[PDB]
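Colleague: Return atomic coordinates for the entry below.
(chains A, B, C, D, E, F and G, ligands or ions: 2)
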Amino acid sequence: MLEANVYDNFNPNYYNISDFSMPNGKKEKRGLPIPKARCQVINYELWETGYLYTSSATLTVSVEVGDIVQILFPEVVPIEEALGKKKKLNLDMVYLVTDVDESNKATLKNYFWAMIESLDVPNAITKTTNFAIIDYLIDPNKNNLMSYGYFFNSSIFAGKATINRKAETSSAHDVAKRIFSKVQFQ
Amino acid sequence: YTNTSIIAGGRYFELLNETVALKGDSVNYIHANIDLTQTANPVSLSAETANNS
Amino acid sequence: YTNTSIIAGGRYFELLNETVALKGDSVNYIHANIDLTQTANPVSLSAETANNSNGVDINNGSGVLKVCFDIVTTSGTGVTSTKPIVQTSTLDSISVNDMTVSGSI
Amino acid sequence: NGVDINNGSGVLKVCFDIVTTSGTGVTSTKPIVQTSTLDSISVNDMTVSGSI
Amino acid sequence: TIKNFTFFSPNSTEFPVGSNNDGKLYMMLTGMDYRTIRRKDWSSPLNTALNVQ
Amino acid sequence: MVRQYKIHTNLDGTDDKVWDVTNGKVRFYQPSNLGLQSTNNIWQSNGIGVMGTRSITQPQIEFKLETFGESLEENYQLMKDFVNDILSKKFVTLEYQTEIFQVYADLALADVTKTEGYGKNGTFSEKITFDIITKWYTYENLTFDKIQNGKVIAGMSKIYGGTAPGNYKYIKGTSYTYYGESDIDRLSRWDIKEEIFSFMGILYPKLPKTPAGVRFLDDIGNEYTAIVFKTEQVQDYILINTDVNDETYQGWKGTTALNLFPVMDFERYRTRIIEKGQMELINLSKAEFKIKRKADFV
Amino acid sequence: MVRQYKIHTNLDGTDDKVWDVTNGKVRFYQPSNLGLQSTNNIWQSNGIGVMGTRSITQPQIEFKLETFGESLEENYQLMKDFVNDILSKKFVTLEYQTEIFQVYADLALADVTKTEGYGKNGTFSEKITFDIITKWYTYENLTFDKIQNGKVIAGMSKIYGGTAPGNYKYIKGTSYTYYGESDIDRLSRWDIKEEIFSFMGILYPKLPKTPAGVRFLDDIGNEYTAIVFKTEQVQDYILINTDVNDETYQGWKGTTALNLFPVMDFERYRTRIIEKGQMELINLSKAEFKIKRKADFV
Ligand SMILES: [Ca+2]
Ligand SMILES: [Ca+2]
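Modeller: Numbers count the residues shown, from 1 in each chain, chains lettered A, B, ... in the order given. Ligands and ions are numbered 1, 2, ... in the order given. There you are, the coordinates:
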């Protein structure tokens, strides 16, 4: 089986407050909590990015709608954040619980797509580079879910943004899909 | 490694026709691993995704 | 409680290496509970979500006396702070030479 | 010394009376103040001879 | 472990109260430590030269 | 020695006609299953087993019902009298009795058969099936416990005795152990040791217009549920029954039975399930309780 | 010689009541199936067969449960005792013992039967069905291994001996081989040779406030999982159980049991499944381990 860390909703109305006293002295944003329960995931279908289908899993503990599920793997992913710099990143599959049935089978939605929900973006923002759109989309002050900054490969999002149809107001989902198709990334 | 000598933790050893399998489309970090409890074979080589010294 | 003495309802008892289990990320109200019908073990300790002191007169009537004596605040891993409950002395008339007040009159 | 005799071991020493003497006899006597450490007091009336 | 004292013993062995147990009880009632005392002169002490009775 | 089965119309009630199915004219033989089934919800990932929650299922009980009449007239009269008595009451209580135990089941009549294959003097061999409401529950008598004052002994207790003006000595182990309490007769514990579901308590109130009923305390001395009634006049006794199927609340005065449900404290009565702790009487001079707690397999 | 079946209420626990179903009063006979079933997911393209992943499915074991009482009273007393002991614990452990092996199964009560077909002195012959949680797991005591210094030999070892000022010779094959290591008592390997699923370790911690608990190393000397707790005071022993069904993480100090779940490092504890490599003790003076490892067919 796979190990799961169940946390309550990463409410930005709570965690987006710089009142945490750091050991040096200065104030930083509230850190993520400890899992309310450590459980194990059985009878699962887990998607890495959630480009086409939504994930599903039957969890041992009785999770509820809103809770964040962190699926753990005993392996490490090396991500290149700077030209030469690489960092030891532990393998994780982070989802938001959308619905739980009678048999405790939880419908899991990939954290990113559940974060950029209901967010609309005008044509004015699509005029600049792809970096400006990513910097707009990922913001814990606007988003439904908490985020402590993105990690991005400059070379892939260096290019000029794709031209909008009718130069209208598009949703964060439609623009991300349009951008992620051209940049060939998820 | 056809004929490579290494000193790690002051311990000398030789790699004589010692092959290390690699991950494709990746940066492989080749490590010398010393476990003194493994009396018969204390040294082994690994190809890893990061520098895990 | 390594060595704590308590007087509750005029009844003296000692807590000698007596452990009370706590609720995580909570304010735990530690109570001394006295049930005189429990002849072998009349006193027991509890960690509760609120101050549930009941003022039950155990010396004149029946019932369980519950009295809060400690407030223990926790994180998800352990105790963050402890605050004792105030010990009230109700008196009629006092004759004194000198007094020191740390709080207020 | 203030040695805890009821819980632990030791000899408890505590002053209660101060006797000032001369070469012949006792000149003056002063008793040690009786400290009453309390948490909170609910009182009707009070009389102070020294100070607060 | 909880040591009960101001409670009756039906088999006359259950809750025995000692000198130290009552000693701790009396200290809490009056509000005194091991550095202070409770003293009362029922009759004034006599002074005979370099002696106090 | 041998097993005794008994069918009851209104067990815990006054109008309880009892049918001795082991001994009497109508007989229950060869029970289908007296055991139990359980669904544990065990899902296994990669050979290692994880267990869910076990739903303890009870299977129907089917008896070989034989009649022992003297004529065709007598056997037809038994089948008609027995089956209709089971139909008159919404549920019929069975009693499983042996040398070691006496348990009860609250069966509901599922299926009864009537055929024309008659044995001697029109006797019957038929199958009677029952559906289970509650399978195995004890019907114990609950009574309060009294507290007694410990004996006074010279040197061991707290008294100022012997030479005037009295003396009590501190000794290691013996010291002073208090005798008892002045008016110890004031302490009465109605002890609850195991979890109960339903109970048939008769309660006689003391004063009219003062809330009368029973309250329940947990192990820490906190109240969870209380059946509290308020009355205008003193009802000789309040006859409360917690059974879910035939829940009964009624204040008896003389020969008149009054329904006390609308006059009961709805906020205090939080649950029917009684937990480990104690029970206290509010405005009650006397009480007689009959406790009925579960047993899955017996 | 012959096979031994034993039922344990709580294996790996102090409160372990053992029922000898081979020798005792309550006996298990004729197991339905001790083998296994597998679903291989074989899909075929144009006559050629491609095989997926094999889900090894374990089937229910049904035993012919017999009682060996001396009276009707004793046989009823066995059925009531044996079945309720199985019900008291959420899951029961079977012990399949033979001349060559000693395997265990984690069973859950699926179905038990009680009938009135009594043999002699109220004998019982009933069928008991069990649901499989985990089938066949070895329960063994895991201990560390010690390393000892090799003997010193003249000419073979690195020493300056014989005629002054000492001489060591470079030979071909025999040359100089080091004897051992100074303080070779520091080297201790807790060896993991096969993949293990759950374990019951009694951890003895050294320093308070320092993360105390075991970590697991893979074959290359890296960490995958670690059960590490950071306590305020020195626990006399930390009891850790990795069993999926009843996980225990309690820090005992004296007679007091403390829950160590919130104090645990959730990020370090990545998996329950232990892989081939070695175990390292973080801030521990002594350790006592019991390793359970699964076997599909035995
Ligand atoms: Ca009834
Ligand atoms: Ca166990």
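Colleague: Now for chain A: which helix has the highest residue count?
Modeller: helix A:172-182 (DSSP state H).
Colleague: Which residues are in contact with residue F:11?
Modeller: Residues near residue F:11 by CB atoms under 8 Å, 6 or more residues apart in numbering or on different chains: F:93, F:95, F:104, F:139. (C-beta placed from N, C-alpha, C; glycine too.)
Colleague: For it, give its distance to residue F:237.
Modeller: 20 Å (CB to CB, to the nearest Å).
Colleague: Could the C-alpha coordinates of stretch A:135-153 be exported in PDB?
Modeller: Output in PDB follows, covering the C-alpha atoms of stretch A:135-153 (Å, rounded to 0.1, in the frame of the first residue of the first chain):
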ATOM      1  CA  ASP A 135       3.100  34.900 -11.200                       C
ATOM      2  CA  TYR A 136      -0.600  36.100 -11.400                       C
ATOM      3  CA  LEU A 137      -2.100  32.500 -11.200                       C
ATOM      4  CA  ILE A 138       0.000  31.500  -8.200                       C
ATOM      5  CA  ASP A 139      -0.800  33.900  -5.400                       C
ATOM      6  CA  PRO A 140      -2.100  32.900  -1.900                       C
ATOM      7  CA  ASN A 141      -3.900  36.300  -1.600                       C
ATOM      8  CA  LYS A 142      -6.300  35.500  -4.500                       C
ATOM      9  CA  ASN A 143      -6.300  31.600  -4.600                       C
ATOM     10  CA  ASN A 144      -8.900  29.400  -2.900                       C
ATOM     11  CA  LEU A 145      -6.000  27.300  -1.500                       C
ATOM     12  CA  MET A 146      -2.600  28.200   0.300                       C
ATOM     13  CA  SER A 147       0.700  28.300  -1.700                       C
ATOM     14  CA  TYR A 148       4.200  29.100  -0.500                       C
ATOM     15  CA  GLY A 149       5.700  30.100  -3.900                       C
ATOM     16  CA  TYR A 150       6.300  28.300  -7.200                       C
ATOM     17  CA  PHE A 151       9.500  26.700  -8.700                       C
ATOM     18  CA  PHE A 152       9.900  27.400 -12.400                       C
ATOM     19  CA  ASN A 153      12.400  26.600 -15.200                       C
END
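Colleague: That stretch: which residues count as buried?
Modeller: A:136-140, A:143-147 (16 or more other CB atoms under 10 Å in any protein chain shown).
Colleague: ok, so of these, who is nearest residue G:51?
Modeller: residue A:145 (41.8 Å; CB to CB).
Colleague: that's a strand at the closest one, yeah?
Modeller: No: secondary structure of residue A:145 (DSSP: H, G, I helix; E, B strand; the rest coil): coil, not part of a strand.
Colleague: residues in contact with it?
Modeller: A:9-10, A:12, A:96, A:111, A:114-115.
Colleague: How many neighbouring residues does the nearest residue to residue F:72 once chain neighbours are set aside have?
Modeller: Nearest residue to residue F:72 in three dimensions, chain neighbours excluded: residue F:122, at 3.1 Å (CB to CB, 6 or more residues apart in numbering or on different chains). Other residues near residue F:122 number 16, with proximity taken as other CB atoms under 10 Å in any protein chain shown.
Colleague: swap in residue F:296?
Modeller: 15.
Colleague: go on, residue A:98?
Modeller: Residues within reach of residue A:98, counting by other CB under 10 Å, total 15.
Colleague: do the same with residue F:38
Modeller: That count, for residue F:38 with other CB under 10 Å as the rule, works out to 19.
Colleague: Can you name the residues bridging to it?
Modeller: residue F:56 (DSSP bridges).
Colleague: so it makes contact with residue G:107?
Modeller: No: counting by CB atoms under 8 Å, residue F:38 does not reach residue G:107; the two are 11.4 Å apart.
Colleague: ok so, going back, and the residue nearest to residue F:72, how close does it get to chain B?
Modeller: 89 Å (CB to the nearest CB, to the nearest Å).
Colleague: what's that residue in contact with, if anything?
Modeller: Here residue F:122 is in contact with F:69, F:71-76 (criterion: CB under 8 Å, 6+ apart).
Colleague: Now, of these, which are buried?
Modeller: Of the contacts of residue F:122, these count as buried by 16+ other CB under 10 Å: F:69, F:75-76.
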